[PDB]
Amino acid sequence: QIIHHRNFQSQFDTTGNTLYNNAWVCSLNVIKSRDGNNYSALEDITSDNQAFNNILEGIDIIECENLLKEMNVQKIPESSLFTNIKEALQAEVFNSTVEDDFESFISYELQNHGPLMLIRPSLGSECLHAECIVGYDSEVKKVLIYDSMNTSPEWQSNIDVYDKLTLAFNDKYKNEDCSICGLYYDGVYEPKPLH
């Protein structure tokens, strides 16, 4: 229903046989770029950065925390819907009303604050991961996900994206007091008028 035209980048190489830890680069490039172009992150990655194009590990938490400030990437503002979702994530419920609020929370943020980046614990690794929410479709109840681990953008179900938000907002899963986990957005994003 509502989709942002943002370019997709994979943290795999062209042949697909190499997995770089570039999720932090790809995710940042999604929310900072516009009109399907690439953001001028060449200055950060190309500058002999040990985190870029690395097989072993990516960027450090404390280093990435500063990087987000430099690039004007803040955590999404507080809101009532956001509180409802977080309260539901702590209980891990996903009934009819929680999904109604999820639909409203996703669709509001994408309209008013643009694409969102999700810093969350990785599902299959002891590190953190970054993926982006770029659109939503209220007819099929799906949300457009930019996950650099995949080959392309994917329309993933709300229950599946909800289960992934849980990792970032439920103390059961986030450990070592990693305060960098959460939902981010581009600070210089300017929403279009409603009418």
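When you see a residue number, it is the position in the sequence shown, counting from 1.
The stretch with the higher mean CA B factor, choosing between 136-144 and 160-168, is 136-144. For the pair 5-13 and 175-183, the mean Cα B-factor is higher in 175-183. Among 104, 72, 80, 95, the highest C-alpha B-factor recorded in the PDB entry belongs to 95. When the C-alpha B-factors of 149, 130, 45, 59 are read from the PDB record, the largest value belongs to 45. Remark: residue 41 belongs to the highest third of its chain, ranked by C-alpha B-factor as recorded. Ranked by Cα temperature factor within the chain, residue 84 sits in the middle third according to the deposited record.
Per the deposited record, the Cα B-factor of residue 111 falls in the middle third when ranked against the other modelled residues of its chain. When the modelled residues of the chain are ordered by their C-alpha B factor, residue 53 lands in the middle third.
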